[PDB]
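[1] Need coordinates for the below:
(6 chains, ligands or ions: 3)
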Amino acid sequence: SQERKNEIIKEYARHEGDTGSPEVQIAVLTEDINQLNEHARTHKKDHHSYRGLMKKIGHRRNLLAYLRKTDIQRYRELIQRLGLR
Amino acid sequence: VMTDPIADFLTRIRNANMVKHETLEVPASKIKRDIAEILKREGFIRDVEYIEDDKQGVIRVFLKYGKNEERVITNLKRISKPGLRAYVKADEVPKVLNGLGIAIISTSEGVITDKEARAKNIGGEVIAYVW
Amino acid sequence: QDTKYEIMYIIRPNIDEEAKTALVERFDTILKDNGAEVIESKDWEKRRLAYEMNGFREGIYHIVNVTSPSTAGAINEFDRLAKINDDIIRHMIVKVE
Amino acid sequence: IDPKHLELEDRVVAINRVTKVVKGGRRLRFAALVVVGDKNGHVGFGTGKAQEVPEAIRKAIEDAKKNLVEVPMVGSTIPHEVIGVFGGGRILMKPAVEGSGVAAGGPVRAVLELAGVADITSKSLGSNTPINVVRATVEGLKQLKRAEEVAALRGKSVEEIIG
Amino acid sequence: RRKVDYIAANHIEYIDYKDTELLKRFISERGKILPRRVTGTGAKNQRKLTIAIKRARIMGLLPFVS
RNA sequence: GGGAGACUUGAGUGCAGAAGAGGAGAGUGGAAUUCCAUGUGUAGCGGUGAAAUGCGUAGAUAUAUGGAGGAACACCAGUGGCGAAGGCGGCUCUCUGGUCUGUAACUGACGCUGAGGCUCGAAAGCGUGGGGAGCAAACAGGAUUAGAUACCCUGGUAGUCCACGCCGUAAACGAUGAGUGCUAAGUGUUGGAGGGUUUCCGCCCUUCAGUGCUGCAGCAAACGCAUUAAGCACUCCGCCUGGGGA
Ligand SMILES: [K+]
Ligand SMILES: [Mg+2]
Ligand SMILES: [Mg+2]
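    Numbers count the residues shown, from 1 in each chain, chains lettered A, B, ... in the order given. Ligands and ions are numbered 1, 2, ... in the order given. What follows is the structure:
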């Protein structure tokens, strides 16, 4: 949702202007992915939506790889905040 | 993407040459500037000019024709593809068409011709022939 | 966000105004019970139908403009109850901008 | 582009007996390919057809005279390597050293001996159809160039180009 | 041929299935919907008209047949 | 190439908009068939190249009023739309995905390809349980035929349908891998945006993303392709090395 995405940007971002950043993107994608996994458990047959789920997941994984390359401290802080492995 | 802007530059030149266009514009880099200057001062091009814009310096070319019809350039070809890069020694320097064309080489001295390379007794990476 | 829902439904032609008004108020009351705010309730027309929808070739149309969340089950409740009720012939819902 | 005032002499590549079919069996004609030249640079080829070998030869010669082209030479050699393509016939021709003679076994040998190229190294990569190999040959000899021409185009001098 | 849409000319929008006055002229006899190439509407408006007409049919405002 | 940086065009996020048989779940519909019931009415109906099997006097066909049940959605509907493909057309609602346009705020090369793996995947088919209107392999009978293990006809079982789990194949085809850039033009068309007019409508010009036709260069063995390339180029993956055996 737009209000939830606003909250997530304001929380995880470095500024109120820095809408775009890896931590911001990943924080949005994780909530979207949780909603989609619940939707999939409720709608097991919607493979057409599971595809977009996997695409979002790959996007998040690539962002996380960029973070592991550039800033390992930022990476670990992010993952402690989010709860990912 | 643009995994080979040098070859994109060469092919854009080739395409414009085949349609007999008069000029070109390209997102430039320093190696493109070197190649364009070499062509300028070797006779395959009439003129070349620069343009400075924030994202990337554009370079524009003004091609050459013996008449309205006849072409000075016939075709070009990159050898370092880059999937297989072509490094060569001062003896293995190519001789494009027995001296009627030119090979474009980068060496410790810089970006130069087969003339200068085979004279100085250096070699380097080959990046383009020109028939 | 709360989404606007036009709701038509077809009252039988030979019902009394008393029970009819209590019935419209019932459905509005149930929408409000499930949490869907009714902004307008109005009878559209009484008409000769295109065919015999419940045997009655004639009908009386009512419109119920509503604002509510999509998660609220107000529309589903109105739906099941109009199905069960044999007085109204059809209902129909329209998501509106 | 004129066969006039030239001592063109000819040579036949091949006569392919070639058939049309009719209700009354087969209408057998002879098709010939001939290459003619002056052994100075000027060479051409022609296709002829007729119910007679010499008639098709005459027609092909008369068509070859009307389609000449001039090849450059450098001490009985071509200036630079070239690849000629014409629809299935790839031929590469290299400038060879003097005294090495010709390296071909016809039709290319006929074309180049008539054009006057005494010393060359060639190879037919693709097909073997005499017509199209000869056509790729002339296409390559058309791709070829002259140092004076290229230097007048480029503006640079001849020595300034060859280095 | 260059033809005009009723909807575009009238500056009408948000087509309600209740609007029998506007939907019934896009209908031939026995309830069939006129083709776009007959009437001269846009694709967007034509599809909105299809949906509105089908709504009207199921709601008895218009007939499926006759 | 390695390392320390810096930038925004690429890639992506954000604002605002657009479209849509995009997908899954739920319910609802009118038409038509089949069956059942009620009347009318009575000798043929059906079917064929011919006939015949069949059904019908125990009331057929047909006709009119209802009811049950399943499946598919006339017009709109179009080399039109969406989707990675397969595929997806009644209607409404719940949840949800991708795409396009501007915007130039933000990150600042984060991208592409991608063996091996994972997922999806026409129809047939398999397992369990429902259901089964019509259609229909197998099968029966009538015919035809020299024969007819077929084409034709009358019937008709699995199956077609629903839920789950398996299968994982296709002329799964644009018989054209994905990505990027460059390269005459013409014309329609879908979704937008901007501008110059127009009382609005509308027309015009530009531009993006698709979707068709004609066609220059070039390519092609030819057929044909041609800004939706089969042209010029580059990166990666998959694949071929005569036919059969196989
Ligand atoms: K089954
Ligand atoms: Mg199946
Ligand atoms: Mg075409």
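
[2] And residue B:77, its phi and psi?
    phi -170, psi 130 (degrees, to the nearest 10).

[3] How about chain B: which residue is closest to chain E?
    Distance from chain E to each residue of chain B (Cβ to the nearest Cβ) is smallest for residue B:1, at 35.1 Å. (C-beta placed from N, C-alpha, C; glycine too.)

[4] okay, now that residue: neighbour count?
    3 (other Cβ atoms under 10 Å in any protein chain shown).

[5] For it, which residues are in contact?
    For residue B:1, the contact set (Cβ atoms under 8 Å, 6 or more residues apart in numbering or on different chains) is empty.

[6] Give me the distance between it and residue B:8.
    10 Å (Cβ to Cβ, to the nearest Å).

[7] which residues do the two both contact?
    Going by Cβ under 8 Å, 6+ apart, no residue sits against residue B:1 while also sitting against residue B:8.

[8] which helices and strands does the helix or strand hosting residue A:73 pack with?
    Assessed by DSSP states H and E, residue A:73 sits inside helix A:72-82. When contacts are defined as 3 or more Cβ pairs under 8 Å, 6 or more residues apart in numbering or on different chains; DSSP states H and E, helix A:72-82 sits against helix A:22-42, helix A:47-70.

[9] List the buried residues for the longest one?
    Of all the residues in helix A:47-70, those buried under the rule 16 or more other Cβ atoms under 10 Å in any protein chain shown are A:50, A:53, A:56-57, A:60, A:63-64, A:67.

[10] picking that back up, would the residue of chain B closest to chain E count as being in a helix?
    No - Residue B:1 sits outside any helix when classified using DSSP: H, G, I helix; E, B strand; the rest coil, being coil.

[11] ok, it to residue A:50 distance?
    Counting by Cβ to Cβ, the gap from residue B:1 to residue A:50 is 29 Å.

[12] Tell me if stretch A:4-22 is near RNA strand F.
    Yes - Stretch A:4-22 reaches RNA strand F (Cβ under 7 Å from any atom of the strand) through A:5-6, A:9, A:17-22.

[13] tell me which residues of that stretch are tucked away?
    Within stretch A:4-22, the residues scored as buried using 16+ other Cβ under 10 Å are A:8-9, A:12-13, A:21-22.

[14] if we can go back for a sec, who touches the helix holding residue A:73?
    A:12, A:22-23, A:26-27, A:30, A:64, A:67-68, A:85.

[15] helices or strands next to the longest helix belonging to chain E in the packing?
    For chain E, the longest helix by residue count, based on DSSP state H, is helix E:43-58. Counting contacts by 3+ Cβ pairs under 8 Å, 6+ apart, helix E:43-58 packs against strand C:91-96, helix E:20-23, helix E:36-39.

[16] Would you reformat the ones you listed as JSON lines and include mean neighbour count and distance to residue B:122?
    Putting the helices and strands packed on helix E:43-58 into JSON lines (neighbours: other Cβ atoms under 10 Å in any protein chain shown; distance: least, Cβ to Cβ, whole Å) gives the following:
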{"stretch": "strand C:91-96", "mean neighbour count": "14", "distance to residue B:122": "75"}
{"stretch": "helix E:20-23", "mean neighbour count": "15", "distance to residue B:122": "83"}
{"stretch": "helix E:36-39", "mean neighbour count": "13", "distance to residue B:122": "73"}
